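begin with these chain(s), straight out of the complex:
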Amino acid sequence: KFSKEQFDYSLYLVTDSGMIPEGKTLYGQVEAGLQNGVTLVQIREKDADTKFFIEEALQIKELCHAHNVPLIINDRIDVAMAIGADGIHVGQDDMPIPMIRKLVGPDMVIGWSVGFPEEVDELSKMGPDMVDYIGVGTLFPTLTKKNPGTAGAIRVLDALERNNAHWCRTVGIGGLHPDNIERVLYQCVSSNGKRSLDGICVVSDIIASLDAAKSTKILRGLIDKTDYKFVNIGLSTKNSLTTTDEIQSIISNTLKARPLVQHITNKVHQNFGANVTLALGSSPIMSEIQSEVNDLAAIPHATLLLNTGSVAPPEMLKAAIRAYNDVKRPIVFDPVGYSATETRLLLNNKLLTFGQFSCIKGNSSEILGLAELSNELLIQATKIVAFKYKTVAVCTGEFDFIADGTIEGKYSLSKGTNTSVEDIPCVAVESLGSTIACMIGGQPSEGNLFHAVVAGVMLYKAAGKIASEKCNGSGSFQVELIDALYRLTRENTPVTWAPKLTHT
Amino acid sequence: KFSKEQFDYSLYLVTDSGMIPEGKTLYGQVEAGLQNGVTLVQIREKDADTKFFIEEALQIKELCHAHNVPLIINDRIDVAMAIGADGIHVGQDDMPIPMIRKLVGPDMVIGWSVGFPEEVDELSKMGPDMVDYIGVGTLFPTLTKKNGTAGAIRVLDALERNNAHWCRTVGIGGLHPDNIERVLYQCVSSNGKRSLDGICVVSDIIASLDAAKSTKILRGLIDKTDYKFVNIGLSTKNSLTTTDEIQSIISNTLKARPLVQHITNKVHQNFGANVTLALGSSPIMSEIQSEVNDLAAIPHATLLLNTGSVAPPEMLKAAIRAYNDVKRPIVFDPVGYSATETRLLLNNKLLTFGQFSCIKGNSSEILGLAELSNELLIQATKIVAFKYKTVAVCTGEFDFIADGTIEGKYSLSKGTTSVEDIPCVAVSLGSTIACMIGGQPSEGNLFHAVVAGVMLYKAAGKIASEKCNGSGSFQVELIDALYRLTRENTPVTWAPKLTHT
């Protein structure tokens, strides 16, 4: 007999009877996963046949108790009481929670499927020893649930905090696999940094596995690690303004490394973007072809730059983003959208679920929108975004603001960061997408993501003043800008450049 | 809040959500059936979201309680406790009964689906306030469940051998107005002490375009008490059949020229039509489905069934029903029966299609039908006669006739008069019996007619065996004797002696 506080939600295995590979049993899989992790187990399915259910539940309760792990049942509350189960899970469309509590009485864990903040409010108006934990929405798409992102999970953890539901644990569920578990753990944190997921739920990743022991050992590895080094550049927090000597080193490195920068964009920017890249002494590639994507990313110092409202299918954007994250190379997200039209908002939010971005760059509107929300406002927004997507965020305007929300790539269960939206580093400065892409692209393993982005914003802003002076209108401004970028970097003398870098 | 003994199983409505006609609601149907009968109601939901289930259950509990009728739930015991239901029904493959009792505690009705005696034994090894009632097997075939009366009797018999006095019974599966009275009529304990406490329907009310009317009809049938299944008298006669009665029978059939439809082999086709001709009535050898209703509509029509025939079960079913609809007599003369695995199968299936006026077999045919010397044969003959609520004939040295119709009486739970004490007397035959019964007027008597037939046949037999030179001439002298014997009604003359058994 376990109690609320003895429950370890770390790796939470939810079974599904009609998904087991031939020559393997449900007992067999659940056994393998207990010997290698999963501090919790839930039985469903049916095939019901309510009597065969009960026999399988008892058979499996012995196994779990043997390994000192609780057994949860869904959604048959009666079978739960009948076999002396340790808890029950119910969905939004199952028996109302109060009714359940009345039958099972205190002591028993009650799990609830929750996908929206609105449902966290209800959960809260009910107080403790009603809902004990919740499975957060369906994180990613999946074939396991017969009918039916991290941004969405955050909105829920945030409601658990605004309502101070201290008594309610959380696990994330739906489409969780080794290719996205660290990213999920990493960016699913309360905005105030005080709360994260207490564990991870899998079904197909273990159950449907030809080797369930191995699959589980892998998920365990990911969950009890603490670093997500998502790009082969330094992520150290830097609080000292970026020195002239550092900017100089950045530019040298990218000039010497000749980074390959893959542009995925519409057209207007195709040509102008390739010019900026050429000026910065690196080679542009405008491939939007799925098969090439893994080969491109394999080339030394490769970099991805994303634009939006593009002619490329979501299936390939997903493919590209993943391709770069697999080789730990940097992605820069520069929405041409974003939230400009209903259709763009949709596509952009879908993009932000495909992987981890090294940098997100927007203007005042693009940024406020991303922050889900003047001058003090733009700063708050910039940090919110940076923290939300665990990335370096740039907000362009008269002043350009840069915030570093990577937190050295740190994640943990429940904790969650050690660091809220409010107190991450954010500095100020008084085509940019490709500039930033080239600076980050050139950095070696010992580099620093944040300094590089700042370097880029400085460089760009510097070239701007020069061009606006030497030009005769919009036309020549464009070409004088490219020229300034070229001249500026062929002589590393940042001590010279106009733009002033302050703290925010 | 109801208790075990307040439950009225009379007309028990079991719902099914995805079977309701367009423009009609489950509330709507269940309402109509409460206003006209349904004395009990069960709700299912194997396919929905457990929350919509609970909302519909409460919505419908108010309706039932409003009409002072309990609400039963299946098989979600949890939903049952949660909404304060009055009982739960579970199947053979659902949660074990002891476990259920432990959660819901005494006071709540527990129903169990039961199809075999073996399961009645288990029900009994558990004693009272475990299983309160049972739904007996699937009586007839149906499209309602996703995966006969003889069979129900075997279950009622086990409820008696085990003295499970505490357990009610309802019959279920394929019950409609075309077979409800026959079900109530023949589903009785062998000792006559127990019958079905009620009848269960799903499609007959739920899937109805006019649920109010459909229900009013089922009610009519359930609380009636007579099943006059043939337009002949069914009165119990304890006085031996007098010569004057036999004489009247023969006269009637000669004057009525009954049309006797033979469904038979090919050996019996010809020989059977001869006997029919001799008795002054016309044979027809139609095995065609479309003709069957027209044939039966002809005055004094009669059906004679043989087995191991080339005719499809679908048409036998069609014929048997055709005659029962017009309340005309069927005689069942198995050429099988239980002679081969295939025959046993077909015959038992036949006995589920309708009500027979008479069943005729030899020592083996009969013992088999009784599901079991010279005393043994007598016990067997009554068993059969009572089982199929019919007049049963067992041919041999002595021919035994038993009358198990019990004046066509049925009731709920009661149910009666046991196997042991129905009337039984002692003394080609299929066709003879068919013609005697065929000729009887509304005021006649089924039992006397059958006896008359057996007498007549046995009489013609002695005469023929004497006037013949072997098997060949015996056959034709028998037909002749049948002809001569009936053209002069003088039963005072005939050889065969009629005693009590």
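That came through, no problem. Numbers count the residues shown, from 1 in each chain, chains lettered A, B, ... in the order given.

switch to C-alpha atoms for all contacts and neighbour counts from now on
OK.

strands along the stretch 201-350 of chain A, start to end?
A:260-264, A:283-285, A:302-306, A:331-333 (DSSP state E, counting those that start in this stretch).

what are the contacting residues of the last one?
This means strand A:331-333. Strand A:331-333 is contacted from outside by A:303-307, A:321, A:324, A:356-361, A:433, A:436-437, using Cα atoms under 8 Å, 6 or more residues apart in numbering or on different chains.

just give me how far that strand sits from the chain centre.
Its chain's average C-alpha position is 13 Å from that of strand A:331-333, according to Cα atoms, centre = their mean, to the nearest Å.

so what strands line up beside that strand?
Take DSSP bridges as the rule and strand A:331-333 pairs in its sheet with strand A:302-306 (parallel), strand A:359-363 (parallel).

dump those strands to JSON lines, plus mean neighbour count.
Shown next, in JSON lines, are those (neighbours: other Cα atoms under 10 Å in any protein chain shown):
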{"stretch": "strand A:302-306", "mean neighbour count": "25"}
{"stretch": "strand A:359-363", "mean neighbour count": "24"}
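
nearest to residue A:486, out of these?
Across the strands paired with strand A:331-333, residue A:486 has its closest neighbour in strand A:302-306 (19.9 Å, Cα to Cα).

how far does the closest one sit from the chain's center?
Worked out by Cα atoms, centre = their mean, strand A:302-306 lies 18 Å from the chain centre.

how about that strand as CSV, C-alpha atoms only?
Taking C-alpha atoms only, strand A:302-306 is exported to CSV below (Å, rounded to 0.1, in the frame of the first residue of the first chain):
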residue,chain,number,x,y,z
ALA,A,302,26.4,23.9,-41.4
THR,A,303,23.5,26.1,-40.2
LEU,A,304,19.8,26.3,-40.8
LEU,A,305,17.9,29.6,-41.3
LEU,A,306,14.1,29.3,-41.3
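
picking that back up, and the two most separated of the contacts of strand A:331-333?
The span of the contacts of strand A:331-333, defined through Cα to Cα, is set by A:324 and A:361 at 18.4 Å.

from the contacts of strand A:331-333, which is closest to residue A:170?
Minimum distance to residue A:170 across the contacts of strand A:331-333 is 22.3 Å, recorded for residue A:356 (Cα to Cα).

in a markdown table: the strands paired with strand A:331-333, plus distance to residue A:451.
Below are the strands paired with strand A:331-333 laid out as a markdown table (distance: least, Cα to Cα, whole Å):
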| stretch | distance to residue A:451 |
| --- | --- |
| strand A:302-306 | 17 |
| strand A:359-363 | 12 |
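
among those strands, which is nearest residue A:463?
The minimum distance between residue A:463 and these falls on strand A:359-363, with 18.3 Å, by Cα to Cα.

residue A:296 reaches residue A:302, doesn't it?
Yes - Residue A:296 is within contact range of residue A:302, at 7.2 Å (criterion: Cα atoms under 8 Å).

one more chain, chain C:
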Amino acid sequence: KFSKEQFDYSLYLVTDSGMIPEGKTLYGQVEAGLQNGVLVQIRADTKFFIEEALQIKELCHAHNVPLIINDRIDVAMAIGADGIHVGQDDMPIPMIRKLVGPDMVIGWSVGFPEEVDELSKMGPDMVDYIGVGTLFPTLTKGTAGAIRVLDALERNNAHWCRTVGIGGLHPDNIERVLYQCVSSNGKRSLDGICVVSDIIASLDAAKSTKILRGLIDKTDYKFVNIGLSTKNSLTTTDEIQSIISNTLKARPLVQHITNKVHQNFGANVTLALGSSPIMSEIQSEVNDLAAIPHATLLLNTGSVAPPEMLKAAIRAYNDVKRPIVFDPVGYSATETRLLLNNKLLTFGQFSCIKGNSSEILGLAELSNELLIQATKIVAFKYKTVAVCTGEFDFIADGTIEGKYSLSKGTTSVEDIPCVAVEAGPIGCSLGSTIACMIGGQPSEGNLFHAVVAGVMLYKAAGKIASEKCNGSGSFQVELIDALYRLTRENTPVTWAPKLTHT
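Chain C added:
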């Protein structure tokens, strides 16, 4: 290197690559069949072919058995194969002989006598052996037909040409095939048996083969649980008396499969002889019926019953070694009837065949010496007791004590026992009579005597009836009566009919 005369055609395994069960190889199957019996013939890409052929030639040579190839003559020469098989639509035989040169065995698929003629006007060291037609139906690509071919091999004196039977051969019909596939002159039979699916497609090829071996090198086919001994002494009164007693005491169950005219009249004859008739034409019942003591099958023709069920019934009785009597209402009366009847004669072994002058001459594939010759031909052809009804009834015994052998083969058409039964100038009635006499016999009985007993009894009842009757009508019933009276007093010394030798 083998030569013509070292070739043992006993159990001849023909492979088929795409028919092997999972987890089993062609090497695996052919190995199992060599260790338990087995000559061998092999039938994708021409290069994989050659590799498999060599691989398998080593195996065969290891067990001292030749390897034959079909129909790639080139692959044959290339791998030094021991012989080649070709079909009727493959390379002409002379051409083949020219390329492979003498010494190599040449097999030819043959299904008609016409093709035996061609095989013959080519003389020796052209065609060495032949696979006879397709005996029974099969998904891989009758005995009366095989006989016509063995007969042509004899009329042409093709002494140099062996024969194997092929197509649909399995344990349920191998002995019957060996048993009735013999030259009309009795001098020639099949030199062996060919299987594909029975061994190749088997989950246990070792066992399957051991079984086929058992059957082939046995020599008795006891196809009915009655004596088959050749009796040359006329059937004595005391024997007829014993027969009738036995059937009266045994009350045989006689299953009639017949028209509708004969249904009733046939059941009466059966009843009179103190046995029970059953008129079932239902497939599922058939195995249960035959399992009942002293059960007997009587077949009529142009019936409403499907060939699929007749096959089912005939087999059902042969499996329990009970007697079948074949009394064609056809036969050869119409094109459709001939067809169905011949198909029936391929379904199993009959204990007796009964026809009239036409029915019989037809069956013999052809007066009074003529009728006698015909009757023996039929009796011998279908290895059965044959009855030919007329003024004289002729009975011939072609069972030859149920003896079979490879190549040998037996005793010709000409010299099996044949007797006659006359009484003076006077149908489906005799069929039922015969069915009841045979039905009653115990293991120690004798098939031949019983049939004769039946014919005598019937003929006897006939004279009596023709005298006591007033026309066709009463004749029928007086006949049943006479059958009844005659058997209730076993006094054959009394009966009119005279039994002579033919």
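
could you re-examine the contacts of strand A:331-333 with chain C now present?
Strand A:331-333 has contacts (Cα under 8 Å, 6+ apart) with A:303-307, A:321, A:324, A:356-361, A:433, A:436-437.

quick one, domains of chain A?
A:1-224, A:225-504 (curated CATH domains).

how about residue A:458, nearest residue that isn't a chain neighbour?
Nearest residue to residue A:458, sequence neighbours excluded (Cα to Cα, 6 or more residues apart in numbering or on different chains): residue A:499, at 6.4 Å.

which residues touch that neighbour?
Contact partners of residue A:499, counting by Cα under 8 Å, 6+ apart, are A:429-430, A:458, A:461-462.

kindly reformat those as JSON lines containing neighbour count.
What follows is these, written out as JSON lines (neighbours: other Cα under 10 Å):
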{"residue": "A:429", "neighbour count": "20"}
{"residue": "A:430", "neighbour count": "16"}
{"residue": "A:458", "neighbour count": "26"}
{"residue": "A:461", "neighbour count": "23"}
{"residue": "A:462", "neighbour count": "22"}
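
ok, of these, which one's closest to chain C?
Nearest to chain C among those, counting by Cα to the nearest Cα, is residue A:458 at 70.5 Å.

distance of the closest one from chain B?
58 Å (Cα to the nearest Cα, to the nearest Å).

residue A:248 now?
For residue A:248, the distance to chain B - Cα to the nearest Cα - is 64 Å.

wait, that residue sits on residue A:490?
No - contact between residue A:248 and residue A:490 fails when scored by Cα under 8 Å: they sit 10.8 Å apart.

residue A:370 is in contact with residue A:385, isn't it?
Yes - judged on Cα under 8 Å, residue A:370 makes contact with residue A:385 at a distance of 6.2 Å.

neighbour count winner among these two?
Taking other Cα atoms under 10 Å in any protein chain shown, residue A:370 and residue A:385 do not tie; residue A:385 has more neighbours (27 against 22).

contacting residues for that one?
Shown in contact with residue A:385 (Cα under 8 Å, 6+ apart): A:367, A:370-371, A:391, A:393.

from those residues, pick the one nearest chain C.
Closest approach between the contacts of residue A:385 and chain C, by Cα to the nearest Cα: residue A:391, at 56.3 Å.

so who does the closest one touch?
A:356-360, A:385, A:404-406.

and which of those is nearest chain C?
Closest approach between the contacts of residue A:391 and chain C, by Cα to the nearest Cα: residue A:356, at 48.6 Å.

assess the claim that that closest one and residue A:183 are in contact.
Yes - at 6.8 Å, residue A:356 and residue A:183 qualify as touching, with contact defined as Cα under 8 Å.

what about the two, which has more around it?
residue A:356 (25 against 21).

give me phi/psi at that one?
Main-chain torsions, residue A:356, degrees, to the nearest 10: phi -100, psi 120.

quick one, what contacts it?
Contacts of residue A:356 by Cα under 8 Å, 6+ apart are A:183, A:230, A:325, A:331, A:389-391.
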